[PDB]
């Protein structure tokens, strides 16, 4: 389920990963809550159900609409000082928000690929994730095989749509960013993981970039061994933007 922690005038929106949920960022949310930040964790359409096909029925464009609805919802609550971050897939839409809304105070990305490219790692992870999730599912053995054996074709198409959305709507508008930008990146491979964050930093020369590589940690830095350092890094960054 989505969460909404109401505390102080400083409001933070946290977006989760592809095939994830608001639980991707809940621990980070608690670290900000302890420092009296208002934090909101919306869930993307199609996510957090029993059926992985619910994700494939949605589109990347719709998830961008979810991002705008989350920002407007905070303003509807009276909050004017808001920052928005995203984990993995969430970071793309978080960047899209910062590009198109100069009133946003800041935010950034957590291991987010902001340039279209090979997504063959997310596709296989989704298959491994879905198969393991289905082991506790309500579905029958036949239903599980219907889902599991049809995913690769649908997942490649959807991740392809994510690539097209990123290039035409996000990468082309990186120069529109006006706020101090936070970049965090997980991955123990410098040639591959660290450069995805470096490419975004080098594409943001107009703005200060708070760059962090967690070299000993995996990609999902919000939940792995990097989460303690990431929480302190985001906490230090938030003091700059507010």
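Numbering follows the first chain given and starts at 1.
Just going by the entry, 138-146 versus 78-86 on mean CA temperature factor gives the higher value to 138-146.
If you average the C-alpha B-factors over 162-170 and over 129-137, the higher value belongs to 129-137.
You'll see in the entry that, of 45, 68, 175, 185, the Cα B factor peaks at 175. Ranked by Cα temperature factor within the chain, residue 122 sits in the highest third according to the deposited record. For residue 30, the recorded CA temperature factor ranks within the lowest third of the chain's modelled residues. In this PDB entry, residue 23 carries a Cα temperature factor that places it within the lowest third of its chain's modelled residues. Annotation for residue 232: C-alpha temperature factor in the middle third relative to the rest of the modelled chain, per the entry. In the deposited entry, the Cα temperature factor of residue 98 sits in the middle third of values across the chain's modelled residues.
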